[PDB]
Each structure stands twice: as structure tokens, then as C-alpha cells.
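Colleague: Need coordinates for the following:
(6 chains, ligands or ions: 2)
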Amino acid sequence: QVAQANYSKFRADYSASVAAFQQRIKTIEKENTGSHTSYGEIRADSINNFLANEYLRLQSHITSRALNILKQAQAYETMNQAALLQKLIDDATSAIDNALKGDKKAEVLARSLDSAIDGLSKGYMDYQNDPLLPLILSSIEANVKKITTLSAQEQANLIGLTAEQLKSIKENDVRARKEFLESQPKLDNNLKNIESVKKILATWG
Amino acid sequence: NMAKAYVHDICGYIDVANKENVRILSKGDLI
Amino acid sequence: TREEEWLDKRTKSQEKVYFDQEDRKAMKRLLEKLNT
Amino acid sequence: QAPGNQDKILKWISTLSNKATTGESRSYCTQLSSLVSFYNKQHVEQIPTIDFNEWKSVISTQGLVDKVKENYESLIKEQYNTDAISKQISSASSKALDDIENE
Amino acid sequence: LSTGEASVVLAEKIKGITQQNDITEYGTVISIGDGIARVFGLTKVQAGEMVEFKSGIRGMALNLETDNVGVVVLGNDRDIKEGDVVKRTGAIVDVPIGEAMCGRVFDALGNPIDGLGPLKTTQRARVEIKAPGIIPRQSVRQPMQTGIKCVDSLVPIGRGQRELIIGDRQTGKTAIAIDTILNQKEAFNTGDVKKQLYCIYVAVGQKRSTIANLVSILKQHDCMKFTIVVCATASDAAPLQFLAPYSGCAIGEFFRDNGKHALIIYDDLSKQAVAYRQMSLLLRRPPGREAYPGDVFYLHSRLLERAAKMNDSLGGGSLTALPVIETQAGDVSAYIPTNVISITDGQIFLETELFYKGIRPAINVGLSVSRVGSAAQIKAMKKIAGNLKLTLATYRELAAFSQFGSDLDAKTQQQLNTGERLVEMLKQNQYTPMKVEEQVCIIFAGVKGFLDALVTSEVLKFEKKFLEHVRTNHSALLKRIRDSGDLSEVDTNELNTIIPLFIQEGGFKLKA
Amino acid sequence: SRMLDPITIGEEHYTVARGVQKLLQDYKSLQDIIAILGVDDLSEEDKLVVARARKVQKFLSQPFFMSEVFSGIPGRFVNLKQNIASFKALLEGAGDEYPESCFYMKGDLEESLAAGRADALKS
Ligand SMILES: Nc1ncnc2c1ncn2[C@@H]1O[C@H](COP(=O)(O)OP(=O)(O)OP(=O)(O)O)[C@@H](O)[C@H]1O
Ligand SMILES: [Mg+2]
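Modeller: Numbers count the residues shown, from 1 in each chain, chains lettered A, B, ... in the order given. Ligands and ions are numbered 1, 2, ... in the order given. Provided below are the atomic coordinates:
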């Protein structure tokens, strides 16, 4: 759609330039009371083309920033969700380790002996009766029940974007603006020494 | 030397689009 | 240490120059002859 | 707009450079050509269309996608005012340049 | 997917965890030395099968003898003692494969040495499998852009082919592979899947410091997100250096069979041959010439013949190999170099003399060749490459005469000058891969004869300046050359006009 | 050396090193023919290369402190800056006019020039 605005603006600049035959009429009137030719066109067309192409470049810059911000946010959200699940898994592993400790470990060895005799009695060994898996599941089910409250809290629970997390995105936007604006043209270096050119560059902003 | 005068004139009208972008982008902060 | 490559390069280069000139002459002479 | 709109812009500068003989004259033509190419640089990067609904749907923080959309939309409205620039450049420019054209 | 729903799926997954144990025959070690274990019993064990010792290190059963079994220890054999137990796992050697491998560093067996975290993967593929037949394959018709001007133009590499980077020490062999990996990065960032090329780097017999510097370089350019590094360093046991190339190739077959494209870079295969020689001699197998086993050629061939371009019926995937070979004194007449040359399609010869004369990359165009030829290059490329090759041959022939004859003809002087500009243009810095379209513009300026104007010392900087000018002012032209892959007549004229113009405008030394 | 790269060391240091290596390699590519037949039939540019390469090869040598008893001359310690400047000036042709013997077992380029200048002065 930006191309549509481009072509519309393009004709607008052309029409304003086409007005220039009006100035000649004014000169004719002054002369009556009294009792390189292509430079204007090339300059006019160049500025129109410059504004059109520059407008397109700015549109790409804005959409690209708007797209990068959202993509960067999504990446942070996936990392937040992954970290939460990783915490869950670490609790499960710690439960196994704790079970390795005392504090009601007797049944584990007893249950293992019963399951081990079964495996010996049989050709193979399967841990159908091991307590480790139910024990780990109990902790994980508690945590799962804890997280399963409602989608509303999950809105923030799943994606707990920290102030610094969003601050980083905001700083990228501000930095992107400064980079796009402070970006100055790169023409012949030792040839653009005119006072006006250096002034414009210093006040580029 | 005519080219020198044309260069100065054409350079005078630089920075227009840059200033335009400053206003449009200083208008609002995307965030 | 490669003297054989030196001779080979020398041989190739001189032959090319001499026979490039000969090719120029041959094209001119046959063209003069083909036109009439 | 993309094709064929810059051919005439090149013939004019070509003749102007042919007129230049002195090293200084040649250098000034180089400066002129750089400015013309800078202004006429074409941009083609295939501005991508944004499906805010897809982002809002897949995953996002509540209110973030819509806020980005409204702010992005507000900025897209703004556009150059070619009319104002065209009149000022067509009205008067570089009286010193006009002095050169008198003769 | 809601976090709670995802957590429920994760809990259910943890619930369904099966673990069965079966009676596994075990044997005792009759003897152990130099990493070789002679084992008694352990019958009904398959050749090449993996076995596990008491400590937990693995072993590969290679020699099945009436009396014992010859096992190679895949690690350090200090804990192994006579009478120890050896349990047969019952599965041939295999390695984990998938996409999660990308961005990690593994060993030959597949264990991650990055320290980031355990490998989250479910697919394990056998390391040694029969190579693809004649029917599944297909003609190679897609370019694998290395980013090196000399290579992409004179020695084109097509996806599915095997190119041999052969040279002496410190000639820039590893540099070419790294530059290739960097060039691929642009495709991954941009959503063009048809050009994405997963890069696999297999390091055999290299100091870990070197691999660490290389990984840091990859991270610096962000090219590690799509690269896989398999490490079998000098301290690692010989069997690991022997299996690493095969392990990496299997990881690549994953992408190949799944419609994707993979580039596997085997660091010096000479080192793999040394490890195989060691592992075989310690097994008491009769040695061949230079003490290498008789079937060293079969080793490398079975490995390299895996790389192929599968047909569209199977996904059109491809695996491209760039094996590296180190020569002692530039003698490609040696045993191992001779075999590999006969195996691969083409070879890139690196010369030390060229390297120190300023020709870097030090590529000997006279010897380098590619079977696929122009079938891989793009349309815009082949046109220029033919004339470029013809120009290079003429320059080499006249170099000798100028030095001694000391007289140059006008025609010869121009050809001599033209060749010199091209040689300077083919020069390229390190860690600076060039886009294919930009190569076309630069090589175009060269063959057309425009570069003959400016002094040679300025050709390289003109390249940089002109490329930037094109990227800024003429971007549609580059897009055409890229998308279409062809250099139309209009582009030819447009380019032919701006080149001389730019040379005259910018500040250069114009006197030839 | 892996350390030899434009980023780790100064770009000037790298250019000078590569120039020396290119100069020496060019001279080395000519030693066979020069051995069979002299340098007279050799081109003018190649003869300049030969002369300059001899100078540089001689200048590379330096007396050590520990080797002071063998040669009997005091050792030299060459700072990195002085080393680069010496070789840069030599590639540019600073000491080409002097004889190659003045560069033998010298610490810095100025020492060689003083010996060469004294030899020019003596005659
Ligand atoms: N295009 C290049 N331009 C400038 N210097 C280069 C270039 N390529 C390589 N070098 C230099 O070559 C040296 C390393 O070469 P490289 O390691 O890539 O080849 P190699 O065969 O793997 O060496 P090795 O046998 O020790 O592994 C480095 O000093 C590097 O700076
Ligand atoms: Mg290497």
C-alpha cells in the first residue's frame, strides 16, 4: 500500500513543479509594463524520487522495528516458559536425591528387594512396582496442580516479563531510532567541506 | 564553474527527508 | 627447486609470442587473398 | 516509477561532465554526480505485511500486541508533504545560482 | 499451548518411562594393553558391537577369534585390569541425531563437551550403514557457495559432490572451510529454506585450543546456530579419531534423508588413517605399505561415498563433503593422498609458494578441477568463468618470458597486465566471505578489461568501494542477479556503464 | 605463527612481515637459475629484488648475549617498534645504496647505516 502513497505523492510533486511555467508569466507581465534549461526538471524529479524512495525506506524501518520488537518478545517468553519447566524438572531430580537419603527410605529398599526377586524369578526385570516413579509423580503432580489455576494468572505466570526484560526491548527501539536518525550520508569526504554541508551534518540529529 | 553553483544549490536542499523523519519518528514511540 | 618447470614456462611463452605474430600475418594474408 | 524515470537525469549530467576539462571542473562534476545518485537511490526491500492477529493469537503479553499495533498504525499515517517542499524549491533557490544563470 | 497444558503433557511423558533389563552375556579380559583388550568368552557377540566395562567406558568388538575377542577401548584404559568384566550391550555403535545438535560440540560418540546441558534428542542412527544405491541418487545441479571468489568461479562445488581440500601445513586449508560456514549464515537469517546448508565440522587429531578458538570465531559471527562440531582430539583414543568422521556423516544423513542439505567438513583424514593404522597394528593385523592396513582405501571410500544428492522421491536432500588432506612436502604422490584423490570428484590444491608470494587463498588453478563443472554454477557465473579461465592460462604462460626476455609487446603487455589484475582480484582476506552476486560484479569488471586501467595495488580497495556503492545505489540489480541467478543483457549494459564511470570518479591510481 | 594476523598485531606489522616473506620467496624462486648462470641476463626489477633480498636476509641475523663468546661481539636487543621501522625502511629502499656487509650482525637499521656510512667515508 505504501507504493500507492508513493505514486500519489510522486504526482503531487510533479504538479507543483509543473506550476513553474506560471513564474514565467509573471516575468512577462513585468516586462510588458516596462516602457541548463533542464536543471529545474532534473532537480525537481530527483527530489521527488528521493522523497518517494526515502518514504519507502522509512516504512521498511518502522515495520522492521515493529516486527523485531514482537519477535524479540516472543523469544523472551519462550525462554521464560522453558525456565519454569526446567525448575520443575530440577525439583523432581532433587526428590530422587532426597529419597536416596534417609527419612522413609526403608520401603524403597524393601520395595526394590520385592521387585528384584520378581525380576530374578523372571527372565527379565521391569520396575512395575518401584516407588521412585510414583514418588516423583506425586511431587510433579502437586506442582502441576499448583500451576493449573486459570488462564488469567497464566498470562503473567507463563510469561513473567521482568522490567529489565521489557527495558531491553525498549532500549533497542530507542537505539534503533537514534541509529536510523543519526545515520548520516556518506558522499565524497574531502569534497563536502562547504559550511552549509558541515552545518547540516553537525545538526543532522 | 557552473557546476560549482549547481552543487551548492542542490546541497542546500539536503536534510529535508531527515528532518521529516525526525518529526514523524519523534511523534510517537513504538514500544 | 624446479628447473624443469622453468624451461617449460620459457618454452611455452616464447612459442606463444612468435606464433601469435604468425597468426596475425596469416589472417591478413589470407584475407587479402580471399577478397580477390 | 522504478524503471526508466532516471535516464534523462543521466544525459544531463553526462553532457555537463563532458564540458568539464580542468581538474577542478572534473572534481566539481564528481561532487554533482554523487549528490544526484544519492537523491535518486532506489529502495526495494519488499516491506512485509504484519498479521497482528497471528501474533496476538499464537502468544503474547496481554495488551502488548494491541498497543504495538495501535502505535505502529498511528505512525504509518504520517507521510511526507511533497506539496510544501515542491513549492519552496520551485519558487526560489540559491539566488547566487540565479546570478550564474543571468549570464 | 497453555503453560499448565504443557506441564501436564510433560508430567504424563515422565509417567510413561519404560526400562527393561535382560540377561546380558559377559566375559573376562585375558589381557589389556595400549587400549586393546583381549576378552575371553563373550560369545554370541556381534562384530562391531559395543561392550561396556566396569568403570563404564565402552569398547568395540572388532576381532572375533576362536579363542578370544579383540576389543578397542573407547577412552582411557587405566582402570581396566585383568579379570575385569565386559558386558555386551547388544547394539552396534550409534549416535544421537536431530536438529538439537546444531550449536553444540560433541565427541565421536555423541556426548556433549560444551557444558551447556544434556542433549535433548530421541533419534539414534547407526554409524556404519550401506551407502545409497545408484537409483536414489540424482545429478548434482545446485551450487554450494563457499564465498571464495577463486573457488566459486574456477572450482565450483555442487551440493552432493565431494571436493578435496589438499595442501601442506599452514596453507589455508581450514580457512576455506570456515569461510564456507560463514557464507551460509545469510541464508539462515533470511527465510529461504531452499538454500539453508547445515555445516558439520569434524576435528580429528587437533589440539582442543584450536577448536575452542574456532568455536569462538563461529559464535562471534553468530554462525554457530547452524553448525555442529565433532571433536576427536590428539589426547582422545585412536578409535575415537577413527569413528568421528563416520559419526559426523551419520548426523549428516539425517538432514540428507529429510529433504535438507548438509555440509560435512572432515579435518585431516590423514590423521584418521594414522589412528586406524594404530588401532589395527595393536590388534596384530598384518601391515601394508607405510604400515597402513590393506583396506585403508575402503575406509575413506565407504565414508565419502555416503555423500550424495538424493532424488526428489526421497526428499531431494543432499550431503556435501569437504575432506581435508595434509601433504608432507607437496608430494601428492603419497599413498593416502593418492587414494583420496581417486575417490573424490575434484581437489583444491593449496601451494605454499603461492601463499607467501601474496596469493592468498593460495589456490593452484592449474591443478584444481571439479567434475560437476558449470552444472552447479549459476547462469550469471558460467558466462564469466569461461573467459576468466582462458585469461588465467594465458597469464601463466607469459610470466616466465617477461622476467628473462625483458621485452613486452603491446598485445602481450595488455594480456600480461590483465592477468595480473585478475590475480589481485581473486585475492581475499580471511573471515570475509563474499556474496555470489557481488562476485559476479567484481569478476565482471575484471574479465571485461576495466581493471586494466587502475594500478594493481588499488584493485582490492576498488572492490570494497565499488561493492558498497552497488549495495547502496544499485540494489535492484543485485536482487535480479540473486533471484533470477542470471545476468541479463540489460544488467550487462547497466553494469558495463557504471564500472568505468566509478573508476574515473573515485580517487584511484588510473595509470596502468 | 597463529599470532600473525592484522587484528591481533598492528596492520603495519602484518604488512611488513608479508612483504619480507614475499620478497624472500621471490628471491628463492630464482636461486636455481642464478646458480646455473649469473644475474646479468636477469631483469632489472629482478636484480633489484635479488640485491634487496640479500640485504634483508643478512639483516635478519643478530648477535646474542649468550653467543657473545663465540663471535666476540656484544649482543643486541631489538624493540618491536625499531624492528618494524628498520624493515619498513629497508623494503622502501633506504639502505639499498650501501653494501650488504654493513647489515651483518647488527641490532638496528641505524647501526648498519653508520657502519655503511663509515665505509663510504673511508674511501
Ligand atoms: N585469505 C587469507 N588471507 C590472509 N591470510 C590468510 C588467509 N587464509 C589463511 N591465512 C593465514 O593462514 C594461517 C592458517 O592457515 P590455515 O590454518 O587455515 O590452513 P591449515 O592447512 O589448516 O594449517 P594447519 O595444517 O596448521 O592446520 C593463518 O596464519 C592465516 O592468517
Ligand atoms: Mg587446519
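
Colleague: Going by secondary structure, the residue of chain A found nearest chain B is in what exactly?
Modeller: For chain A, the residue closest to chain B is residue A:54, as judged by Cβ to the nearest Cβ, at 4.3 Å. For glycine as for every other residue, the C-beta is placed from the backbone atoms N, C-alpha and C. In this assignment (DSSP states H and E), residue A:54 forms part of helix A:39-100.

Colleague: check whether that helix contacts chain E.
Modeller: Yes: contact of helix A:39-100 with chain E (Cβ under 8 Å from any Cβ of the partner chain) involves A:81, A:84-85, A:88, A:92.

Colleague: Report the distance from that helix to the chain centre.
Modeller: Centre-to-centre, helix A:39-100 and its host chain are 1 Å apart (Cα atoms, centre = their mean, to the nearest Å).

Colleague: Is any residue of that helix near chain D?
Modeller: Yes: using Cβ under 8 Å from any Cβ, helix A:39-100 reaches chain D at A:39-57, A:59-60, A:62-63, A:66-67, A:69-70, A:73-74, A:77.

Colleague: which residues are contacting the following helix or strand past that helix?
Modeller: Once the chain leaves helix A:39-100, the next helix or strand it forms, by DSSP H and E, is helix A:106-121. Contact with helix A:106-121 is made by A:99, A:125-132, E:21, as judged by Cβ atoms under 8 Å, 6 or more residues apart in numbering or on different chains.

Colleague: Helices - which of those residues land there?
Modeller: Counted as lying in helices by DSSP state H, out of the contacts of helix A:106-121, are A:99, A:132.

Colleague: Among the contacts of helix A:106-121, which ones are in strands?
Modeller: A:125-126, E:21 (DSSP state E).

Colleague: By neighbour count, which of the residues you listed wins?
Modeller: Scoring these on neighbours with other Cβ atoms under 10 Å in any protein chain shown, the highest-scoring entry is residue A:125 at 17 neighbours.

Colleague: Give me every residue in chain B lying close to chain A.
Modeller: Proximity of chain B to chain A is confined to B:2, B:6, B:8-18, B:21-22, B:24-25, B:29-31 under the rule Cβ under 8 Å from any Cβ.

Colleague: Give me the buried subset of those residues.
Modeller: Buried subset of the residues of chain B next to chain A (neighbour count, 16 or more other Cβ atoms under 10 Å in any protein chain shown): B:2, B:6, B:8-18, B:21, B:24-25, B:30.

Colleague: how about the nearest residue to residue D:28, chain neighbours excluded?
Modeller: Closest residue to residue D:28 apart from its sequence neighbours, by Cβ to Cβ, 6 or more residues apart in numbering or on different chains: residue B:3 at 4.2 Å.

Colleague: Verify the stated contact: the one you found with residue D:18.
Modeller: No: counting by Cβ atoms under 8 Å, residue B:3 stays clear of residue D:18, with 11.6 Å between them.

Colleague: which of these two has more neighbours?
Modeller: The neighbour comparison of residue B:3 against residue D:18 (other Cβ under 10 Å) goes to residue B:3, with 22 against 9.

Colleague: Closest to the centroid, which residue in chain F?
Modeller: Central residue of chain F (Cα atoms, centre = their mean): residue F:56, 1.7 Å from the mean position.

Colleague: and the gap between it and chain E?
Modeller: 14 Å (Cβ to the nearest Cβ, to the nearest Å).

Colleague: Let me see the contact set for that residue.
Modeller: By Cβ under 8 Å, 6+ apart, the contact list for residue F:56 reads F:20, F:23-24, F:87, F:90-91.

Colleague: Double-check that it belongs to a strand.
Modeller: No: counting by DSSP: H, G, I helix; E, B strand; the rest coil, residue F:56 is not part of a strand but helix.

Colleague: Tell me which residue in chain B sits closest to chain E.
Modeller: For chain B, Cβ to the nearest Cβ, closest residue to chain E: residue B:3, 13.6 Å.

Colleague: Tell me which helix or strand residue A:186 sits in.
Modeller: Secondary structure (DSSP H and E) places residue A:186 outside all helices and strands.

Colleague: cool, the one 3 residues further on as well?
Modeller: Residue A:189 is part of no helix or strand when elements are defined by DSSP H and E.

Colleague: likewise residue E:89?
Modeller: Per DSSP H and E: strand E:85-92 holds residue E:89.

Colleague: Is it correct that residue F:34 is in contact with residue F:50?
Modeller: Yes: under the criterion of Cβ under 8 Å, residue F:34 makes contact with residue F:50 at 7.2 Å.

Colleague: More neighbours: those two, which one.
Modeller: residue F:50 (18 against 15).

Colleague: you'd agree that one is up against residue F:39?
Modeller: Yes: here residue F:50 reaches residue F:39: they are 5.8 Å apart, a contact under Cβ under 8 Å.

Colleague: Report how many residues lie close to residue 7.
Modeller: Defaulting to chain A. Residue A:7 has 12 nearby residues by other Cβ under 10 Å.

Colleague: could you do chain F instead?
Modeller: Neighbour tally, residue F:7, other Cβ under 10 Å: 9.
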